[PDB]
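Shown next as structure tokens: one chain only, the form deposited in one PDB entry.
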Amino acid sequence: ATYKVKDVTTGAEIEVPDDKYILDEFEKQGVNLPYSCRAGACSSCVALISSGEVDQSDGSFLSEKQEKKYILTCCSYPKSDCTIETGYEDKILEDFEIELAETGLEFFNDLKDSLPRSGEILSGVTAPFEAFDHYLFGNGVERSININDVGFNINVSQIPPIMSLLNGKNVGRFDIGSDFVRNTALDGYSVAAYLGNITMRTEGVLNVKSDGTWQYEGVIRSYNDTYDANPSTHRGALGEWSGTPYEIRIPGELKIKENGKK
């Protein structure tokens, strides 16, 4: 047989026969699709499949659960009419990410009939689903969440302006006041999945002694997150599982106090 496989990404619509790989056939009819290993052992050629099915048993990199929504194009034979989305490597979810997504949606549905779509976002495990629902249905209304409710786990070792002094023959008392970017994946997938990269500010004093002991004390504050979950973002990846961008105000001050030895 020969089933039609459409690609959202390139727009193409190739007739691909059940005995041939999706990548190869696309390449034959002139469509350049991404790849690297060509041996079923990475994710360079991964696509989302949103309808139809395939035989990718020839590949191994994807977990059992990944394979429900993701295919490896360099090892995939269609078994039906397929719509897919190539170029998905940079949006793919890891197993532990998919588990959190699956569980958090289940819990979100448990409160999705009385969502305010304004004010405070509810913290924790439902936040990513709440922030995304607001993206679709909130018509750009500002939202907020206190910096102490987000669930940040921030260490000195993760703050560049502090560490550029701390890794260096620097001794004495240093006042530090600077913006830095926080990739909230450091704080675990449930914060990342709605905050992504966010600009923060730390103000405090670092003491470094000749003996190598140091201590730091100060605070952290956050600028507003710009929430955009369009089709090319990680947040959009969790969504596909149009809107309007919006701000998340993150008021308050987080306190920071640590010490160590070089």
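Residue numbers run from 1 along the displayed sequence. Basically, rigid core = biggest C-alpha set you can superpose within 1.5 Å across the two forms.
From this point on, the text means the form deposited in another entry, which you will not see here.
Enquirer: Which residue moves between this form and the one not shown, judged by a Cα shift of 2 Å or more on the rigid core: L100, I176, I147, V156?
Expert: That would be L100.
Enquirer: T126: with the rigid core matched between this form and the one not shown, does its Cα shift 2 Å or more?
Expert: No, the C-alpha moves less than 2 Å.
Enquirer: Would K20 count as moving between this form and the one not shown, using a Cα shift of 2 angstroms or more after superposing the core as the test?
Expert: Shift at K20: 2 Å or more after core fit.
Enquirer: Once you overlay the rigid core, does the Cα of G138 travel 2 Å or further between this form and the one not shown?
Expert: Comparing forms between this form and the one not shown, the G138 CA shifts below 2 Å.
Enquirer: With a C-alpha distance change of 3 Å or more, do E64 and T126 lie closer or farther in that other deposited form?
Expert: Farther: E64 and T126 separate by 3 Å or more in that other deposited form.
Enquirer: Given that the distance between the C-alpha atoms of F137 and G104 changes by 3 Å or more in that other deposited form, do they end up closer or farther than here?
Expert: Note: Cα gap between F137 and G104 shrinks in that other deposited form.
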